[PDB]
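**Q** First, the structure itself, so that you have it in front of you.
Where a number appears in this text, it was derived from the coordinates with a stated rule and is not lab data. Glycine gets a Cβ as well: all are built from the backbone with ideal geometry, and neighbour counts include every protein chain shown.
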Amino acid sequence: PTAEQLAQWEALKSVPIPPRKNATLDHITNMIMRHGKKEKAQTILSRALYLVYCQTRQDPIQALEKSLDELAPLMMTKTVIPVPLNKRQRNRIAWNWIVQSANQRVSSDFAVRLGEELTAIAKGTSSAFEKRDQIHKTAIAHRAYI
Amino acid sequence: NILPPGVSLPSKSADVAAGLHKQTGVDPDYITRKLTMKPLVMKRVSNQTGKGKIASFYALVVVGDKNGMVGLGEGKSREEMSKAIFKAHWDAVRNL
Amino acid sequence: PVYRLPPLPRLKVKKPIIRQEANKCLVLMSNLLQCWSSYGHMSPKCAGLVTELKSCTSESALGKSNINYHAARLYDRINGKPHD
Amino acid sequence: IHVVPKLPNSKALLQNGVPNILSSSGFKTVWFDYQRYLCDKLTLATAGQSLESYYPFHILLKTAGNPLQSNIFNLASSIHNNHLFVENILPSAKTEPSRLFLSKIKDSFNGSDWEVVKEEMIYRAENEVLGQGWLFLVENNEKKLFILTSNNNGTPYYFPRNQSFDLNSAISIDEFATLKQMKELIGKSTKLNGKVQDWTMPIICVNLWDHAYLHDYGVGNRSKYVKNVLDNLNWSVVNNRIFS
Amino acid sequence: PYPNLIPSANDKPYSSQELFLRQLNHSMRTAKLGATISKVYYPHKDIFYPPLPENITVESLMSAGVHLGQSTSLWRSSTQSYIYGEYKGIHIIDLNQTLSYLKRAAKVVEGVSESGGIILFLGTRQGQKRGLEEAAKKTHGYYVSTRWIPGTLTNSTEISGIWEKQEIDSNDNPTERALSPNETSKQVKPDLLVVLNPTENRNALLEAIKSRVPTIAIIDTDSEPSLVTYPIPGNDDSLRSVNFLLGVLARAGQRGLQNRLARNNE
Ligand SMILES: [Mg+2]
C-alpha cells in the first residue's frame, strides 16, 4: 500500500459510517405514501417541515422528533393488559394523531395543514395530548394484570 | 460385448455351500458331497396387519453326514417355499 | 426412608419445568406504572424509569430442560437392577 | 525419589578431585555430600506430591511464583545450579572458548577480551555476593551475555527470583527503582499465577557457597577459588550451552 | 533438521522460533540436570515399556489397582472364587489368581502371535484407544475402540466384506499380489479376541462363541467368567489397571512375533 492511501485509511479508522437515511423520517414518509408515490410523500413532509422551520426558526426535524417522542404513548392496553410499545409503533400512533389533527384545518393543501399542525405541536398546543393521557390512565388502571 | 467388470453371462446346495464358505469359512466340498437334507415341517404361517393377512412360508429342515454330525435349520420367506427351504438349509449347515 | 422403584419402561419427566427468565421490559413497565399510580402521571420522580423504558423497548417491545435426555442416558446405570 | 546423578569418571573424581580447583575432600564436600544432602531434602519436601515427578529445573519453574513453596524452590534451585556448576568444571565427559562465545563477549562487554570479563566477574562476585550465592554468565533473549550474581539460591532463569540485591543492607536508588520496575512488570502479567516470561539461560555457573571453596581455600580467598574456576572451565560444555 | 527456518541477524534479537529452538537445545541437555528420578510412576510407560509376563509380581498388579473390584452390592456371585475379600464396600480381587490367569492368557496371546494368527483388541471405554492401538501395532494385530458393530463376525459379509485385504509373506512383508474378488469377499475371522470391558461388549463375546473364536477378557466382580475362554480377574474400570494388563499381553504377543521372524530368518 502507498503511504497516502494508508493515511486515508487511518483517517477513516475513527470516523463512523454516515447513515443512509433518517429512519424516523423514512418511517413517517412511508406512512404518508400511497400507491408507491414516494416522491410526493417526501415533498409533502419536507414542505410541512419547511413551514415549521419558517414559523419557529428551529431545526424542524428535531422539533418533529421531540413532538413524536412526547406525544406517543409509552404503553397501551390491548385485549385488557398493558403492553409496551417500540419506537416504530409509538411513531405510528403519534403520526396518526397528528394527521387527524391536521386534517381539521382549513388549507386545501395537505402540506400546509400538516406543517401548521406540527408548528402548533412544537409550541405545545395539541389535543392529542389528551389522547395520550387517556391511554396512559387506562394503562395505570390495568397495571395489576401485567 | 459390454460385460461390466465383475459380471458374468447368463444347484441350491451349491449356492448354500458357496455362500456359507464365504460367510463362515466352511468347506463347500463337504457340504455338497457329504450332507443330506431332509425337510421336517413345511407350513404357511400368517400375520394380521392393517393392510390384510401377510402369509409366510416356514421350513424346518435337518442336515447331516450320517457320521455323528447333524444340524437343524429354520427358514422363512414371504415369496416362495424354495426360498424358505434354502434359508432353512443354510441355517441347518450353520447349526451343525 | 428409601423407596426403590421396580424396573420401569422409562425414566421421564412428563412436563419438565424450565427457567423462564422474566422480560426486563415488562418489569420496567410495571415499575413505571406503579410510579405513576403513586406519584402522579407524568411525574418527574421516575423520569429515569421512563428513559430506561424508552431505552429498553426501543427496538423490540419485549426486549429447554435436558433432564429427560440425561435420565434416559443414565437410567440403566443407576437403577440398581440385579445382574442378568 | 530424586537421586544424585552419576558423573563421568566418578572414580577419578573420588580419588583426586578436580585438578587445579578442588581436592578430593573438596569435591566430596561440594558434590558427593552437598548434592546428596540437597536431593534428600528435595525428596522429603516433594514426596507424595505432584512435584516428585518433575526434574529440579521444572520444579523451580513451577514453584518460583508461589511464596509458601520457597523452600522447595531453594532446594530445586541449588540442586540445578550445583549441577550446572559441577558439569562445567569436570575434567571431561584441551577445550578452548569457541569463536561464537568470544564474538558474543565482544558484542556484549564493550568489545572486551575474555580475561577482562573474567576479572569483571571476579570483582562482581567479590562485592555483590556477601556470603552464599552463585555467579553466572547468562544469555538474554537479546543475544547479550551479561554477568548475574544471585544471593543464596537465586535462579538465573526467572528474573523475579534472581535475588541479585541484598535488601538486608542499604541499597541505592537505582536498585530500588529496578525493584519497583520489576514489581510493576510482574503485576503486568495477566496469568492468575502471576508468572512472567524470561528467556535468560545460564552459560557459565560458579558455586560461591562455602561447600565449594571453604575446605580448600579458607574463609577469605574465595576470589582465588573463583579465578581457578574461571581459568579451568570445561569449554566443551560451555560452548554447547550457547545456541548455534 | 529444521528446514524453512530463516535465522535472525546478529544485530537483532532472537525471534520466537529461534527462542523455541534455543530452549529445545536447553531442554535436551541442561534442563534435566540436578537429579535423576527413581521409583516414580509415569502413565505412558505402561504402554511403551510393559514388563514381561514372568517379571510381574503381586505388588505391581496391586500398584496398578488391578485388585480393586466392584461394589459388594453389584456382586455377580459366579465370580466368588476370584475374590479375596471385601474392604471399604468393594470386593478385592485375589491377585495371586489374577497373576496365574494373566500368565496363562499372555502365553495364549504369545502362541497365537507366534503362529501368525490374527489378534483383535476390543475396548470401547473412553481413554483406551492409545493402549489398544499400541498393542495392535507391536503385535502386528488389530483393534477396535469406537464401537463393536453387532454381527462383525456372524455377519462379516455385510459389514467387513468391503474393506480391503492383503497377501503377506512369512516375514509379514506385503507381497502386493492382486487378489481375486472371491478372495476379497471371504470372511477373515480373528484367531484371538481380547476384550478390555466384557460387560459392555456382550455382543462381541456371543459372536466369538458362535464364530468359535477363543477370547480373553478382564473379568471384574460383576462380570460373567464363563462367557470367555481365558478370563483375567481384575479391575476393568481403571485405565491404569487395564493398560497394565493390556501392555503385558501386547508384549507377550510381541515376543511371539519376534520368535516367528527369528526362525523365518534362519
Ligand atoms: Mg467393572
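**Q** Mean separation of Cα pairs under 8 Å and 6+ residues apart, divided by the residue count of segment D:117-193: what relative contact order is that in percent?
**A** 19 percent
**Q** Continuing with the same structure: Amide H of E:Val195 versus every other amide H placed in the peptide plane: which residues, excluding those fewer than 5 positions away on the same chain, fall under 5 Å?
**A** Placed amide hydrogens put E:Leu122, E:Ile216, E:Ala217, E:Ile218 under 5 Å from E:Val195.
**Q** Shifting gears a bit: For E:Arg177, D:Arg241, what's the fewest-to-most ordering of other Cβ within 10 Å of each Cβ?
**A** E:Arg177, D:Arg241
**Q** Please state the shape class of segment D:22-142: rounded when a/c is under 1.5, otherwise prolate if a/b exceeds b/c and oblate if not, all from the C-alpha gyration tensor.
**A** prolate
**Q** Report, in debye and to the nearest 20, how large the dipole of chain E comes out about its Cα centre when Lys and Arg carry +1 and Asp and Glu carry -1 on their Cβ.
**A** With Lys and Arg at +1 and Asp and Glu at -1, about 460 debye.
**Q** Still on this structure: Using a 4.7 Å Cβ cut-off, which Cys residues in the protein assembly as shown lack a partner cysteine?
**A** When partners are defined as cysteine Cβ atoms under 4.7 Å apart, the protein assembly as shown leaves A:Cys54, C:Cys25, C:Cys56, D:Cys39, D:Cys205 without one.
**Q** Summing -39500 (n - 2.57) over the DSSP H runs of n ≥ 4 in chain A and dividing by its residue number, what mean residue ellipticity at 222 nm do you reach, to the nearest 500 deg cm²/dmol?
**A** Numbers: 7 runs with 96 residues, N = 146.
After summing the helix terms and dividing by residue count, I get -21000 deg cm²/dmol.
**Q** Express the relative contact order of chain E as a whole percentage, based on alpha carbon pairs under 8 Å and six or more residues apart in sequence.
**A** About 27 percent, as a whole number.
**Q** Starting at the first residue of segment D:5-16, write each ³J(HN,Hα) from the Karplus equation 6.51 cos²θ - 1.76 cosθ + 1.60 with θ = phi - 60°, in whole Hz, x for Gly and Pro.
**A** For segment D:5-16, the Karplus-derived couplings read x, 7, 8, x, 6, 5, 5, 5, 5, 6, 8, 9 Hz, x marking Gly and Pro.
**Q** Could you derive backbone 3J(HN,Hα) for segment D:62-71 from the dihedral phi with the Karplus parameters 6.51, -1.76 and 1.60 (θ = phi - 60°), listing whole Hz in sequence and x where the residue is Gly or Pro?
**A** So the Karplus estimates, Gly and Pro as x, are 6, 9, 5, x, 9, x, 6, 8, 3, 4 Hz.
**Q** Could I ask something else about it? Helix-derived [θ] at 222 nm for chain E: sum -39500 (n - 2.57) over DSSP H runs of at least 4, divide by residue count, nearest 500?
**A** Details: 9 runs with 100 residues, N = 266.
Computed ellipticity for chain E at 222 nm equals -11500 deg cm²/dmol.
**Q** Between rounded, prolate and oblate, where does segment E:124-176 land on the alpha carbon gyration tensor, with a ≥ b ≥ c its root eigenvalues, rounded for a/c under 1.5, else prolate if a/b exceeds b/c?
**A** Because a/c hits 1.5 or more and a/b fails to exceed b/c, segment E:124-176 counts as oblate.
**Q** Counting helices only, and only those DSSP H runs with n ≥ 4, report the 222 nm mean residue ellipticity of chain B as the sum of -39,500 (n - 2.57) divided by its residues, in deg cm²/dmol to the nearest 500.
**A** Taking each H run of at least 4 residues, the total per residue is -11000 deg cm²/dmol.
**Q** Oh, and also: Please list, in chain and number order, the residues 5+ apart from E:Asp94 or on another chain whose amide H is under 5 Å from its amide H, with Hs placed from the backbone.
**A** Correct list: E:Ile83, E:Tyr84.
**Q** If amide H atoms are built 1.01 Å from N in the plane of the peptide, which residues on other chains or at least 5 residues away come under 5 Å of the amide H of A:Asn86?
**A** When sequence neighbours closer than 5 places are left aside, the close amide H contacts are C:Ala61.
**Q** Another one. Output ³J(HN,Hα) for segment E:177-185: one whole-Hz value per residue in order, computed from phi by the Karplus curve 6.51 cos²θ - 1.76 cosθ + 1.60 with θ = phi - 60°, and x for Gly and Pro.
**A** 6, 7, 8, 6, x, 4, 5, 5, 7
**Q** Mind scanning D:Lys104/D:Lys180; A:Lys87/C:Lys54; B:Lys43/B:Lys66; B:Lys38/B:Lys66 and naming the pairs with a C-alpha gap bigger than 19 Å?
**A** Over 19 Å Cα-Cα: D:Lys104/D:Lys180; B:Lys43/B:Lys66.
**Q** Indicate the gyration tensor shape class of the protein assembly as shown (rounded, prolate or oblate), computed on the Cα atoms with a ≥ b ≥ c the square roots of the eigenvalues: a/c under 1.5 is rounded; otherwise a/b larger than b/c is prolate and the rest oblate.
**A** Note, shape of the protein assembly as shown comes out oblate.
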